[PDB]
Structure formats: structure tokens, C-alpha cells
Amino acid sequence: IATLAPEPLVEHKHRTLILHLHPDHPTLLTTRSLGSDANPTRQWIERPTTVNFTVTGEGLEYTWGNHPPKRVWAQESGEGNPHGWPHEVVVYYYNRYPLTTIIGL
Amino acid sequence: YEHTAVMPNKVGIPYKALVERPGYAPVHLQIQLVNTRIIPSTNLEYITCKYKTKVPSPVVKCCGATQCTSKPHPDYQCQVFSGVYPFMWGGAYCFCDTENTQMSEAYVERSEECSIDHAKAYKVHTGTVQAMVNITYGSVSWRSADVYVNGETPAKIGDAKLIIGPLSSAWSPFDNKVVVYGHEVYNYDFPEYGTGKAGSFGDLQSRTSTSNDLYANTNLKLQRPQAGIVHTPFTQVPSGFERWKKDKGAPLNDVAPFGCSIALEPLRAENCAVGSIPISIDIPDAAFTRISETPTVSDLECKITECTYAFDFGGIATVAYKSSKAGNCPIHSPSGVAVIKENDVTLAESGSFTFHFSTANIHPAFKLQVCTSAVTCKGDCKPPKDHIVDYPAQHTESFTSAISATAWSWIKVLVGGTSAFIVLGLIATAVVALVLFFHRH
Amino acid sequence: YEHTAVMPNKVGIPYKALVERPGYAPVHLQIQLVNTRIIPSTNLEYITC
């Protein structure tokens, strides 16, 4: 019989997952992505910290302690208005596509 | 009737297709995956566990000398220490001062814990792929059976015959050499049963779990007994199985890409999502109806009431029909702009029904068929408020799906008006040569 | 569902709004104020009589 860590506080952002981890024992946190590049991270948490992970549309899977793994997918909420003046049309596609708007303009 | 198409390699989402036969009404075909296991071929090489060095009782020659023979034993050691004069309880042990012999023999044997926690060293060879496929068509319910992923083994599922084609990619998460410890696997190299660095991984190799032969190098060295007491002291480096159990990386089930969950007992790699799967299903003619039996429809007009950019089914539209007679016909959309939640419809005489769809476009120009008749739908969609969801996407994101109608008119004049202005500039040269030629004659 | 807006500082006049959750019917919302007290912090210096 092993200990169970307290569950983290989960708040969402645009393509960003924030976890508030408060452990009472040294606890392991491993994350991986469900795309072509897994990008695996691992660390031992001994103090109350906060971590930010970039969740894409392909997904992300994270385990915390002895809890079962959880999978999260990022939607396409965006931070702009696609119809209107071109001072806000451009800033809509910059957040969605920062790699094609700079090259394409 | 053979239906041949390409199914993407995904587990959760279903594949919807409408099978067209001339002279017969179309049917709705659904193919859904449940499992996708990649099973390589493995042969066990050797096992590893912590050692246990047991020493026999040394001899105490009083006035003389002793020699030893090379006994067959893993990591066997012998030595002779001269002039020991040991002391036990009840006085000294022997007469002869400053000449005596002690044996102090030691050798290495596996532990009694080797049958519980040991690391299995496997060599991986490429093998077979299999899957479990749920199948329905027409009006019969869902029923499934295990299929094989090759190009040579048909499977009898339902009344039809299904041949699941080979995978588009030969990618496998396993390396050539893997180590299985407990319930997790690792990508690790081997000392190949001949070598051993005595402290890293191969200080004790046995061919099976109960093999008589055993390889063991551990730097075991005999030490002289001190001050006239009877004991055999030795000196050796610590175990490599304990050092590997601390200096260990992440397992392959936390490292493998494409969401490959790894099981153990056939050593599969379940539910990977890579490539595509060709299909070939031969639906029998008993599920085909005629054009005369199915109703015909006309006066189809479509209006989208609400659409959303989000995942799951965020779109809902109502259509209006004028049917000849009541009955059931399937609905299907050929283009990949919108997927459809349900298959059939309970039609009536001059009514209307609503259906739910799912796009990844701001303006969906998708098109769907109802009772082998055509209609198109257009509309607008709004971005959602959710940032992170716990379910995968039901649609397919394309390249032109993100272009709004405002920005499409902006890039229709930066490439249309400018490139036609050069045409206006080029014909000025074409007409100034005609005027200058007319100056001559 | 979170719905943010700006209401005026009038007591008797209610604020009517219509929230819009996608995929769901709109729900009417009515907010009305009944009081508005500004309470400063005081320390007594002295009395006189």
C-alpha cells in the first residue's frame, strides 16, 4: 500500500496548461505529448511549485504521483476577431499561426 | 459488392461511407476500430538478478600446506595464507607456531530472490500486426471479430467478407534489444552474455530462470584473516542490478510517441495512431434494395441555425424536404468539411428534420446527400470559449479551413489587381510598337 | 457559464440581459440593486458639551 498525492489545481490558458502541485512527499511528475515528437519531461517535486506545459492540438498526457494518467487536448479558441479592420484581422492570425503570418506578410 | 477506400489509423472516431451501386439504393457503411496491436517477435536471451556469494568452511592445516584445484564454479576463487595461528573459544586451535594454513574459499551463486524480481533481456524481431474491428451496414447491429493486418487473410465478419489492408508505415516503438522488468519495458543495450563490467548490468547472467550454467564476474577477491581468528573475508564491487535499479531512465511506456500504450504478456504496443489503413469489404446483395422501393425526394433547401468551431458536434442545421412517401434513407456527406452524427432518418410527407454536424471551418460549404438526392449547405461559425478539452477532435483540420471571408477578399486584391496591373503595363508596350511602326509606313 | 457586463449605478432601475451559451437556449437574467452604502473608517478624536 502506497501513498496518494493530493490532486493538482488545474487552470487553462491558450495552448497552455497550468498545474499547482502541493506535495507532502517527494513526488514524480512525468509528461509526454501524443504527436510525432513525444518530448518527455520528468522531475521530482518536493516543494509547492507551479509548472506550465504547452498543449497543442495533438494532445498531451501527464501523470502525477500514483494517480492514473490524464490526456488533454487544446482547442482553437483564439484571441482575435477574423472579420473587421485589418489591424485586428492580422492579430487574430498571429496568435493562431505565428509561423506563417510572419513569413507570409 | 466490393467497396475499396482508405481508412485513417484512428481508434475513437468512426469511418462513415455511402456505397453506390447502379440500379440499387445506397447503404450506409460504418467501420470503427477498437484495438490496434503491434506484436513483434522476441526470443529471451538471459535474465539478471542480485547475486549471493556463499563461502564454504575453510580448513585449518596445523603443520603442513594445502593446494586447491580449479573447481567448476562461477567466479571461483582460492588462495593460501601461511602462518595464521587461529584462536577459538577454549584456548588456541593448534600447536605449530608461525606455520599454518587456512583455505578461505569463496564463490558466487544467484540469490533466492531471483525468482521474483529479475530483468528479462529480449531481442526484438519484426512480426505481425492485428486489430479488432467493429462493423455495421444497412439495418443490422454492431458485431465485431478479430482481424489480421496483412494483404493475404480475409476475415468473415457479418454476412460480408472484410480484408484489412497493411499499414502505411512500418514504424515500431521497440528497439532491437529491450529489457522487461516488472510491468514496464526499456530500450537498453546488452553485454551479449559474454562480457560483463561487474557493476553495471551484466555481472550475473543466466540463460533461463533455472539454468545450471551461470556467468558471473564481480571482482571477488580473497582477503587475509587477521590476528588469529577463523573467518573468510572477501572484497568485491556491489551489484549491477541494484545500481541499474537506481540509475534508471524513463520507461518506454512514458516515452513512446503517437500515444502507444504498451502491454506486456504478448508484448504489444496498443492503440498507436500513425499512417492509414486500406479497406476492402464485399457487402452481399441481400442488404441491397431497389430504386423503386426507396422514395424519391425533391425541393431540398438547407439552412444552418448554429455552428461552432469547437470539437465534438458543435453544429446544428435544419433542412426542408418534400418526399414522395414515408420511409428510411441514409444521409452522408462526401466532403471532409463536416462529419455527420447519425446515419438514418424517419422521413414523412412534406416535413422537416434537424441534424448535428462538426466542422473546422469558419464558413462550411459542405454538401450532403439525402435519399440519393443532392443539396448543399452554407453558413458561418464562431470561435468557442473552451481552452482545453478532454476528448479528441471529430473533424479533420485542413489548410484552407482557417481563411475567413474578410481576409479572403483582402488576398484576392493583392494577387488579382496587382498581377492584372502588370498585364495593363505590358500591353502598353504592345501598342506603342504598333504606333511607332505606323510612323514609318 | 460566466457572463460579464457593466451595469449603471442606479438603485430602482433593474438591469436586464440575455446570456448566450452555444448549443443551448438563451436564459433571461435580471439584476437589481436594493442598497448602496459607502462606509468610511472613522476614529474618534474628542467630544464636547
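Each value in this text was obtained by applying a stated rule to the coordinates, not by laboratory testing. In this analysis, Cβ positions are derived from the backbone assuming ideal geometry, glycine residues included, and neighbour counts consider all displayed protein chains.
Rounded, prolate or oblate: pick one for the range A:1-40, where a ≥ b ≥ c are the square roots of the eigenvalues of its C-alpha gyration tensor, a/c under 1.5 means rounded, and failing that, prolate if a/b is larger than b/c, else oblate. Verdict is oblate for the range A:1-40. The distance from the alpha carbon centre of the range A:1-46 to that of the range B:30-51 is 28 Å, rounded to a whole number. A viscosity of 0.692 mPa s and a temperature of 37 °C, combined with the Kirkwood radius over Cα pairs in Stokes-Einstein, give a translational diffusion coefficient for the range B:64-214 of 146 µm²/s.
Counting only Cβ charges, +1 for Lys and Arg and -1 for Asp and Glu, the dipole size of the range B:176-297 around its Cα centre is about 880 debye. Loop sites only, by DSSP: take the trypsin sites (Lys or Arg not before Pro) in chain B that have at most 14 other C-beta atoms within 10 Å and name the longest stretch containing none of them. Excluding the exposed sites themselves, the longest stretch runs over B:1-196. When the chymotrypsin sites (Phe, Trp or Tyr not before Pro) in the range B:12-100 are filtered for DSSP coil states and for at most 10 other beta-carbon atoms within 10 Å of their beta-carbon, the remaining sites are B:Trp89, B:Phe95. Taking every Cα-Cα distance in the range B:333-441 and sorting them into 5 Å bins starting at zero, the pair-distance distribution P(r) comes out as 2, 8, 12, 14, 11, 10, 8, 7, 5, 5, 5, 4, 3, 2, 2, 1, 0 percent. Can you give the percent of C-alpha pairs in chain C whose distance is more than 13 Å? Result: 71 percent of Cα pairs exceed 13 Å. Look at the dipole of the range B:118-178 built from charges on Cβ: of B:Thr136, B:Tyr122, B:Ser169, the Cα furthest out on the positive end belongs to B:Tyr122. Considering only A:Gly80, A:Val91, A:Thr54, the residue lying farthest towards the positive end of the dipole of chain A is A:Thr54, judged by Cα position with unit charges set on Cβ. The angle separating the long axis of helix A:86-96 from the principal Cα axis of greatest extent in chain A is about 30 degrees.
Can you classify chain B as rounded, prolate or oblate using the Cα gyration tensor, where a ≥ b ≥ c are the square roots of its eigenvalues, rounded means a/c under 1.5, and otherwise it's prolate if a/b beats b/c and oblate if not? Walk me through the numbers on the way to the answer.
Values: a/c = 3.98, a/b = 2.45, b/c = 1.62.
In terms of gyration-tensor shape, prolate.
List the relative contact order of chain C as a percent without decimals, with contacts defined as Cα pairs under 8 Å and 6+ residues apart. Relative contact order comes out at 31 percent. Contact order for the range B:242-296, expressed relative to its length and based on alpha carbon pairs under 8 Å spaced 6+ residues apart, stands at 19 percent. For chain A, averaging the sequence separation of C-alpha pairs within contact (under 8 Å, six or more residues apart) and dividing by the residue count gives a relative contact order of 21 percent.
Reported to the nearest whole Å, the Cα centre-to-centre distance from the range B:289-311 to the range B:100-158 is 48.
To one decimal place, what orientation-averaged projected area in nm² is obtained for the convex hull of the Cα set of the range A:1-102?
Working: hull surface 32.2 nm².
Here the figure is 8.0 nm², rounded to one decimal.
The amide H of B:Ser401, built 1.01 Å from its N in the peptide plane, has no neighbour under 5 Å, considering only residues 5 or more places off or on other chains.
Enumerate the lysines that B:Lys303 could reach by cross-link, defined here as Cα to Cα under 18 Å, with residues fewer than 8 away along the same chain left out. Counting by Cα, and skipping residues close in sequence, B:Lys303 has these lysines nearby: B:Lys322, B:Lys341, B:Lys367, B:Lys378, B:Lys382.
About its Cα centre, the range B:1-130 has a charge dipole of approximately 620 debye under the convention of +1 per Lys or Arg Cβ and -1 per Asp or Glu Cβ, with nothing else charged. Amide H contacts for B:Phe357 (H built 1.01 Å from N in the peptide plane; partners 5 or more residues away or on another chain; cut-off under 5 Å): B:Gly315, B:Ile316, B:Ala317.
Among the chymotrypsin sites (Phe, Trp or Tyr not before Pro) within the range B:167-239, those in coil by DSSP and having at most 15 neighbouring Cβ atoms inside 10 Å are B:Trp171, B:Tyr193. Compared with the dominant Cα axis of chain B, that is its longest principal axis, helix B:417-440 is turned about 60°.
Using just the Cα positions, wrap the range B:384-436 in a convex hull and report its mean projected area in square nanometres, one decimal place.
Details: hull surface 23.6 nm².
For the range B:384-436, averaging the hull's shadow over all directions gives 5.9 nm².
Remark: the range B:255-359 is approximated by an ellipsoid whose semi-axes, taken from the C-alpha gyration tensor as √(5λ), come to 38, 22, 10 Å, largest first. The HN-Hα couplings worked out from phi for the range C:3-12 by the Karplus form 6.51 cos²θ - 1.76 cosθ + 1.60 (θ = phi - 60°) are 10, 9, 7, 10, 9, x, 8, 10, 7, x Hz, whole numbers, x standing for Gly and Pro.
In order along the range B:110-119, the Karplus-derived 3J(HN,Hα) couplings, from 6.51 cos²θ - 1.76 cosθ + 1.60 at θ = phi - 60°, round to 6, 7, 7, 8, 5, 7, 10, 10, 9, 9 Hz, and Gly and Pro are given as x.
So what's the net charge close to B:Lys52: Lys and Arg +1, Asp and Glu -1, counting the other residues with Cβ under 9 Å from its Cβ? Before the final figure, lay out the partial values.
Numbers: positive: B:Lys50, B:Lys54, B:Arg110; negative: B:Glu109, B:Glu112, B:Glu113.
Summing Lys/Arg as +1 and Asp/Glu as -1 gives 0.
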